[PDB]
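What follows is a set of notes on a single structure, which appears directly below.
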Amino acid sequence: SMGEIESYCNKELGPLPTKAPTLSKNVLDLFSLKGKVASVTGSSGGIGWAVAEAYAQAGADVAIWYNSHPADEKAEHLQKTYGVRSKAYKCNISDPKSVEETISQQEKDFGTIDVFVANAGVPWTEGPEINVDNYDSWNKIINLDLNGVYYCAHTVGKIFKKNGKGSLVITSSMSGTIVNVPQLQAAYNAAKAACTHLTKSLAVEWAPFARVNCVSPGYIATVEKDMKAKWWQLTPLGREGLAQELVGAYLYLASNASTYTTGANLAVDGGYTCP
Amino acid sequence: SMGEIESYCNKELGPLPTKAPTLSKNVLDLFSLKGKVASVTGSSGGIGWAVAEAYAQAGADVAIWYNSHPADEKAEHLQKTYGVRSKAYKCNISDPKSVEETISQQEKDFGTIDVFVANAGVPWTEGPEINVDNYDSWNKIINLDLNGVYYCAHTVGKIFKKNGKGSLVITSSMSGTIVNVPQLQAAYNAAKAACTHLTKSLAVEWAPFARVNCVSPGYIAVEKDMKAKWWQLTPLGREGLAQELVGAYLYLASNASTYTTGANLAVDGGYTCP
Amino acid sequence: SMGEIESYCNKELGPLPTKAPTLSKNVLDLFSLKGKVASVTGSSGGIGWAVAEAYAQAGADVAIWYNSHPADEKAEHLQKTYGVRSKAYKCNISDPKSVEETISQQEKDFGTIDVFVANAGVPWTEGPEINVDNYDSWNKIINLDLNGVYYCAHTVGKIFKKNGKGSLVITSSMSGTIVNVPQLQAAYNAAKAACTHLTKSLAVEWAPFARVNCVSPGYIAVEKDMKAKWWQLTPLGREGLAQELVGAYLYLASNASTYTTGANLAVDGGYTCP
Amino acid sequence: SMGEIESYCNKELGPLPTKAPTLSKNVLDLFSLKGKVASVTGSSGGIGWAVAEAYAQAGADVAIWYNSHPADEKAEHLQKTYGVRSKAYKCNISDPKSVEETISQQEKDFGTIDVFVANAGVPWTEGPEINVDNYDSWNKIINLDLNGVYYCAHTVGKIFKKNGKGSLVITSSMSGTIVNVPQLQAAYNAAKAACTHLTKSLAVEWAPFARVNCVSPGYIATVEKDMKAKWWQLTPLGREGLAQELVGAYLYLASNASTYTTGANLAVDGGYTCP
Ligand SMILES: NC(=O)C1=CN([C@@H]2O[C@H](COP(=O)(O)OP(=O)(O)OC[C@H]3O[C@@H](n4cnc5c(N)ncnc54)[C@H](OP(=O)(O)O)[C@@H]3O)[C@@H](O)[C@H]2O)C=CC1
Ligand SMILES: NC(=O)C1=CN([C@@H]2O[C@H](COP(=O)(O)OP(=O)(O)OC[C@H]3O[C@@H](n4cnc5c(N)ncnc54)[C@H](OP(=O)(O)O)[C@@H]3O)[C@@H](O)[C@H]2O)C=CC1
Ligand SMILES: NC(=O)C1=CN([C@@H]2O[C@H](COP(=O)(O)OP(=O)(O)OC[C@H]3O[C@@H](n4cnc5c(N)ncnc54)[C@H](OP(=O)(O)O)[C@@H]3O)[C@@H](O)[C@H]2O)C=CC1
Ligand SMILES: NC(=O)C1=CN([C@@H]2O[C@H](COP(=O)(O)OP(=O)(O)OC[C@H]3O[C@@H](n4cnc5c(N)ncnc54)[C@H](OP(=O)(O)O)[C@@H]3O)[C@@H](O)[C@H]2O)C=CC1
């Protein structure tokens, strides 16, 4: 190692400095996903479907994931409307083994995976933890909202490493930064904070071959009146967000617009984390 | 409902504002634990034993936890030296059922639990996760360093609510705030970040009856050249000692911190600042 | 008052909930700045010129600011190459009165201001503050890197409120989140942290009519061995380029981020994670 | 430098590792300030007076600071009640020169300064900044709540460096971490965030000879009804704090209880930063 500056972070970067990529000089071209393959978990639901069609509008082939609501006709919609390749995949993400089979199948079907969005999740709906006596709801949150994200990350990182390139986007939540009120959600808040800092941890470990980032959305239209009303009162923009207001953040992170961005948390929460 | 200011955080608080506690006018007496019962998990280990003995020095009865290394001699030493009640308990904290049995037996042996430190944990020692085929290592750390902490918290919070008083201290890590280098520890970093935010979430939920805070230690005193890089990145230029943590745990456990809840206390030699 | 949900953050918002904006259904059109006027301070410099040209490429009219290095040729180049309106303005932003004169003249020359980037700044280059007898260096950085940013913000916020629309982007620094080493930069770090929190404070105050976000760049490409340590501590292993920032500034300036306010966007190669 | 591990943070630490101090083995003795000299700015007001008498109860000599409310009889109270040496000092902290004269006078009067609390400050009381047209209130906040803290820090650090030991405690605010509502306070929020991160910056620079930390209190009893009521609703403990609830944090940081703690922000806010 004499005559080499080795990294304190990850010596697999090789002799420092690493060199910068080549980038289109037109900013609008940086956001293109033409020729890239995207994989979006939870793209049966509101947020995931939104980023999936946003990625298709950017020119990416898109693998769609579902569990209990088959979304083949969504994949058909992307092919019919944007001319891109798409397909739907069924997978219980709580199961590490199904996740690995699905991602391997996608690699074969599309040839590679350039972008991965780990987005599928479930909420905690049971009020304060102290009145919830068995640990099954806690475990169900940890299993999918944290362990499931890691199974997807661990599996696709080996694809990114083999090819030397990739962008992983994790859907976290403002619940990883703050505590939601009045609906108390300790298990979900803890899983999401794990997700945000797993993002930073994987950004360091994957540095030689991929970028890892995360979006922390606020309340997204996607509920008792008096509760929503307190949400609106505590959010500086004064309203809930729309799923279409998130896709710009996911496309920014997925594309060459963010080649120096890794380990970042993009809060898209109407300012809720500020007060 | 009408004629009452209701909390937006937690309606169990009752009509606002809540009542300030009665505190001694001498700052030194605020740190006393006389008449209080403390339970410290992982107190057969370095940090947990230092905290357990410090609580005994502050006057607390101390319940000692161990798993593989029996700590009954540690319990006798607190009894012999400080004249407090102490007993050691064997428990695998990754087992929920076993956690609930131990805490309940402790309530009966001491009468109550006033201070709880969720401290037992294991590190990640396999390097970059991308080369660990099997998920047992990931799951071993989540179950003990996250699920295990929740098992103790859920269980002792019931005691705190029954008595209307209590202080939970969670041992997190600077690994919950930063990413350690060059030893890559993704699973551990993630579990400790969940611990830190679990601290804040439970502070809100438990606020009518208990405080919840956490301590995030840095490196507390295995290849030379790796430490060398730790020292180079630590503003104070050295690793910490177990005795440099006990003031933090005593502050959070005692009446010195009655307005402090949901806080993360960094004791890391400044490592999180660069 | 009765029959209206009033905000706890800012009653200027009116009865809640507020109305979502109308957005294009194609994600790519959300990033367009066609029909919008952008003002970028410090746009004779590296980062600011890259952002100014990117906004022109997105279709915006661009007002260019300079102090000591005239940038009229930069304004002609945006006009010549992208067919947008552009003019360069001379201003010492540490002078409040001079800031207000420039922004007002810009409103008249372009009709309005839709996007503002507060970007001009100077670094600290004297090493450890303990050896700097005189306070002019501390004051020089506070006045330009903090007070100057506020002078522009206070002034352009009036335009945004009059028009009911606008996006302010503040150039902060990873120095607002961490402490740079080994070059010790206390005054600069403090001013950038104030900038980052000024971003959040103004997002709340301006929420009825404008968004306020900030970008925190890392090292963007002076002794070899110091960079060497920068590279060793940066997860990506290299310094950034100015072109790797423009996507962040375009995202925050455009309709792509209509639910994003008070956010700090780190573009630092991961430096804030270790 | 061959044969020496030099710090990446501050090479004035000398060859690494630095060694740990010697510490009493009884935790209660770590909190003692016997034989130490403390200097507390803003100790005419609520918070500063509280930590001053707490420091005196710990056995420290205490220099008391005032500007418009002479507090000599407070210094007399500390001497008469605790047998400690105390004195009052008049100083406009916005003026860098008066600050340096006062601290030099205290060094001569007491012999040294072991602990410094930079606590004096003023609030912003003028609502949203956009309706405040001259910059004088902004400047008055920056001048005292940020520049004044630095003048005190810069001056006492040279005392700490000369003697190789010291503890600086800065009174920040939860306003350095969050945005206060409904009373809008941009200038104060910005000054306080500067204070919190100046703490971290000085912790790195002063590492070879002092520790630097900061306390961020919430709302402390020390105001229109409807406004306070919204504060109470947003604070998890459900009430404002008392000044006596802060002194434990200041004594922890000032004493040998925290010899491995530097660059830390201790939030004492009833949990307000969590929701
Ligand atoms: N404050 C908050 O609560 C915040 C929430 N989020 C998070 O954003 C993510 C997406 O949320 P959103 O689209 O709005 O919610 P939706 O319920 O609308 O969609 C959830 C998706 O997860 C999928 N999924 C559910 N369970 C499983 C399972 N075992 N295995 C595999 N996939 C599963 C569902 O698929 P299917 O329907 O086919 O079963 C669905 O596509 C979530 O992770 C959410 O937690 C982010 C912002 C803030
Ligand atoms: N030392 C350091 O540098 C750092 C430590 N920490 C954390 O502080 C805590 C203790 O650390 P430390 O004292 O240094 O390490 P030690 O190994 O010395 O102590 C570990 C303790 O955890 C107990 N324990 C381990 N596994 C289990 C299990 N299944 N069930 C119940 N108890 C178990 C051990 O009990 P037994 O030995 O009897 O089996 C032991 O008492 C941990 O949370 C650690 O992650 C955080 C930051 C830095
Ligand atoms: N490059 C980096 O690594 C980092 C930069 N930043 C910040 O990004 C901003 C610009 O940085 P960068 O482009 O790299 O440096 P440059 O020196 O290249 O650009 C500085 C710009 O600020 C302008 N300016 C300087 N002083 C004044 C003044 N009194 N009044 C008005 N304008 C003034 C300069 O104008 P002129 O030349 O005409 O006098 C110039 O356009 C700054 O806020 C910087 O602190 C943040 C993190 C890292
Ligand atoms: N959310 C919030 O707003 C928070 C506020 N804080 C901060 O805690 C600190 C102390 O607050 P607190 O005691 O409660 O307020 P007080 O008004 O009661 O006391 C303020 C003290 O500052 C001194 N002082 C005022 N102006 C000057 C000046 N030019 N020069 C020198 N000294 C001056 C005053 O001295 P004299 O009376 O003799 O003129 C007084 O002793 C403050 O910095 C406050 O900003 C911390 C927690 C949260």
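None of the figures in this text is laboratory data; all of them are computed from the coordinates on show. Neighbour counts are summed over all protein chains in view; Cβ atoms, including those assigned to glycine, are modelled from backbone coordinates with ideal geometry.
Can you pull out the residues in segment A:1-28 that are closer than 30 Å to C:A52 by Cβ, within 7 Å of another protein chain (Cβ to nearest Cβ) and of a type in the set (S, T, Y)?
The answer is A:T18, and nothing else.
Would you pick out the residues in segment C:249-265 that are among the aliphatic types (A, V, I, L, M) and either on the phi > 0 side of the Ramachandran plot or in contact with a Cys (Cβ under 9 Å, 6 or more places away or on another chain) (or both)?
Across segment C:249-265, the qualifying residues are C:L252, C:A263, C:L265.
Looking at segment C:199-253, which of its residues are farther than 29 Å from A:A210 by Cβ and either within 16 Å of ligand 2 (Cβ to nearest atom) or aromatic (F, W, Y) (or both)?
Answer for segment C:199-253, where residues must be farther than 29 Å from A:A210 by Cβ and either within 16 Å of ligand 2 (Cβ to nearest atom) or aromatic (F, W, Y) (or both): C:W206, C:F209.
When you check B:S32 against the structure, is it more than 14 Å from chain D (Cβ to nearest Cβ), surrounded by fewer than 24 Cβ atoms within 10 Å (Cβ to Cβ), more than 16 Å from ligand 4 (Cβ to nearest atom) and among the small types (G, A, S), yes or no?
Criteria not met by B:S32.
In segment A:35-57, what residues are within 17 Å of the chain's Cα centre (by Cα) and either within 16 Å of ligand 4 (Cβ to nearest atom) or assigned to a loop (DSSP other than H, G, I, E, B) (or both)?
A:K36, A:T41, A:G42, A:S43, A:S44, A:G45
Is it the case that B:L202 is more than 7 Å from chain D (Cβ to nearest Cβ), in contact with a strand residue (DSSP E or B) (Cβ under 8 Å, 6 or more places away or on another chain), closer than 23 Å to D:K200 by Cβ and part of a helix (DSSP H, G or I)? Write out each step before concluding.
Details: more than 7 Å from chain D (Cβ to nearest Cβ): yes; in contact with a strand residue (DSSP E or B) (Cβ under 8 Å, 6 or more places away or on another chain): yes; closer than 23 Å to D:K200 by Cβ: no; part of a helix (DSSP H, G or I): yes.
Spelling it out, it is not the case that B:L202 is more than 7 Å from chain D (Cβ to nearest Cβ), in contact with a strand residue (DSSP E or B) (Cβ under 8 Å, 6 or more places away or on another chain), closer than 23 Å to D:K200 by Cβ and part of a helix (DSSP H, G or I).
Which residues, counting only those in segment C:105-141, are small (G, A, S) and more than 14 Å from chain D (Cβ to nearest Cβ)?
Matches in segment C:105-141: C:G111, C:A120, C:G121.
Only residues that are touching a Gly at 6+ places or on another chain (Cβ under 8 Å) and facing another protein chain (nearest Cβ under 7 Å): list them for segment D:242-260, please.
D:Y252, D:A257, D:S258, D:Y260
For residues in segment B:67-82 being closer than 25 Å to B:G35 by Cβ and more than 14 Å from chain D (Cβ to nearest Cβ), which is nearest to ligand 1 (Cβ to nearest atom)?
B:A71
Could you check segment C:231-248 and list, in sequence order, the residues that are facing another protein chain (nearest Cβ under 9 Å) and either within 13 Å of ligand 3 (Cβ to nearest atom) or on the phi > 0 side of the Ramachandran plot (or both)?
C:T234, C:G237, C:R238, C:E239, C:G240, C:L241, C:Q243, C:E244, C:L245, C:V246, C:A248
Does D:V223 satisfy being touching a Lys or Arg at 6+ places or on another chain (Cβ under 7 Å), of a type in the set (A, V, I, L, M), more than 20 Å from C:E129 (Cα to Cα) and not in a helix (DSSP H, G or I)? Spell out how you get there, then give the answer.
Values: touching a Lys or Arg at 6+ places or on another chain (Cβ under 7 Å): no; of a type in the set (A, V, I, L, M): yes; more than 20 Å from C:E129 (Cα to Cα): yes; not in a helix (DSSP H, G or I): yes.
So D:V223 does not fit the description; no.
Does D:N147 count as within 14 Å of chain C (Cβ to nearest Cβ), polar (S, T, N, Q) and farther than 30 Å from C:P208 by Cβ?
yes
Condition first: within 14 Å of ligand 1 (Cβ to nearest atom) and within 14 Å of chain C (Cβ to nearest Cβ). Now tell me which residues in segment A:47-61 satisfy that.
A:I47, A:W49, A:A50, A:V51, A:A52, A:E53, A:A54, listed by residue number.
Would you check if B:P208 is surrounded by fewer than 22 Cβ atoms within 10 Å (Cβ to Cβ), within 12 Å of chain A (Cβ to nearest Cβ) and outside any helix (DSSP H, G or I)?
yes
More than 14 Å from chain D (Cβ to nearest Cβ), more than 16 Å from the chain's Cα centre (by Cα) and within 16 Å of ligand 2 (Cβ to nearest atom): does that describe B:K97?
Answer is yes for this residue.
Do we find that A:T81 is among the polar types (S, T, N, Q), surrounded by fewer than 24 Cβ atoms within 10 Å (Cβ to Cβ), part of a helix (DSSP H, G or I) and within 14 Å of chain C (Cβ to nearest Cβ) in this structure?
Numbers: among the polar types (S, T, N, Q): yes; surrounded by fewer than 24 Cβ atoms within 10 Å (Cβ to Cβ): yes; part of a helix (DSSP H, G or I): yes; within 14 Å of chain C (Cβ to nearest Cβ): yes.
When the stated conditions are applied, A:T81 passes them.
Show me the helices (runs of 4 or more DSSP H) entirely contained within segment A:100-210 in which 2 or more residues are under 18 Å from A:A254 (Cα atoms).
A:149-163, A:186-205
Just one of (1) away from ligand 1 (no atom under 13 Å from the Cβ); (2) not in a helix (DSSP H, G or I); (3) not basic (K, R) trips up A:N92, so point out which.
(1)
For a quick check of your reading of the model, give me the residue pairs whose first member lies in segment C:127-147 and is within 19 Å of D:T155 (Cβ to Cβ), whose second is away from ligand 3 (no atom under 16 Å from the Cβ) and basic (K, R), with beta-carbon atoms closer than 8 Å and at least 6 apart or on different chains.
From segment C:127-147, the pairs are C:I130/D:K158; C:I130/D:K161.
Would you check which residues across segment D:209-218 are more than 10 Å from chain C (Cβ to nearest Cβ) and not aliphatic (A, V, I, L, M) and list them?
If the condition is that a residue be more than 10 Å from chain C (Cβ to nearest Cβ) and not aliphatic (A, V, I, L, M), then D:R211, D:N213, D:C214, D:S216, D:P217, D:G218 are the ones that fit.
Within segment B:50-66, take every residue that is within 14 Å of chain D (Cβ to nearest Cβ) and within 11 Å of ligand 2 (Cβ to nearest atom) and give me the one that is farthest from D:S24 (Cα to Cα).
B:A52
Identify the single condition in (1) within 7 Å of chain B (Cβ to nearest Cβ); (2) in a loop (DSSP other than H, G, I, E, B); (3) crowded, with 24+ Cβ neighbours inside 10 Å that D:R239 does not satisfy, given that it satisfies every other one.
Among (1) within 7 Å of chain B (Cβ to nearest Cβ); (2) in a loop (DSSP other than H, G, I, E, B); (3) crowded, with 24+ Cβ neighbours inside 10 Å, the lone unmet condition for D:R239 is (3).
From D:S1, D:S7, D:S32, grab the single residue that is buried (at least 20 other Cβ atoms within 10 Å of the Cβ) and assigned to a loop (DSSP other than H, G, I, E, B).
D:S7
Can you say whether B:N189 is within 20 Å of C:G270 (Cβ to Cβ) and either within 16 Å of ligand 3 (Cβ to nearest atom) or not in a helix (DSSP H, G or I) (or both), as far as the supplied structure shows?
On the way: within 20 Å of C:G270 (Cβ to Cβ): yes; either within 16 Å of ligand 3 (Cβ to nearest atom) or not in a helix (DSSP H, G or I) (or both): no.
So B:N189 fails the test.
Does A:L23 fit the bill of being assigned to a loop (DSSP other than H, G, I, E, B), more than 9 Å from ligand 1 (Cβ to nearest atom) and within 18 Å of the chain's Cα centre (by Cα)? Talk me through it step by step, then tell me what you get.
On the way: assigned to a loop (DSSP other than H, G, I, E, B): yes; more than 9 Å from ligand 1 (Cβ to nearest atom): yes; within 18 Å of the chain's Cα centre (by Cα): no.
So A:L23 fails the test.
Hey, among B:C195, B:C214, which residue is closer than 17 Å to B:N119 by Cα and either within 7 Å of chain A (Cβ to nearest Cβ) or part of a helix (DSSP H, G or I) (or both)?
Going through B:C195, B:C214 in turn, the sole match is B:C195.
Just to check your reading of the model, which residue among D:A88, D:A120 is among the small types (G, A, S), under 17 Å from the mean Cα position of the chain (by Cα) and either more than 25 Å from D:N213 (Cβ to Cβ) or within 13 Å of ligand 4 (Cβ to nearest atom) (or both)?
D:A120
Working carefully through the options B:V149, B:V117, B:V122, find the one that is away from ligand 4 (no atom under 16 Å from the Cβ), buried (at least 24 other Cβ atoms within 10 Å of the Cβ) and not in a helix (DSSP H, G or I).
B:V117
Name the residue that is nearest to C:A186 (Cα to Cα), counting only residues in segment D:172-198 that are polar (S, T, N, Q) and out of contact with any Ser or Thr (no Cβ under 7 Å at 6 or more places or on another chain).
Among them, the one singled out is D:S175.
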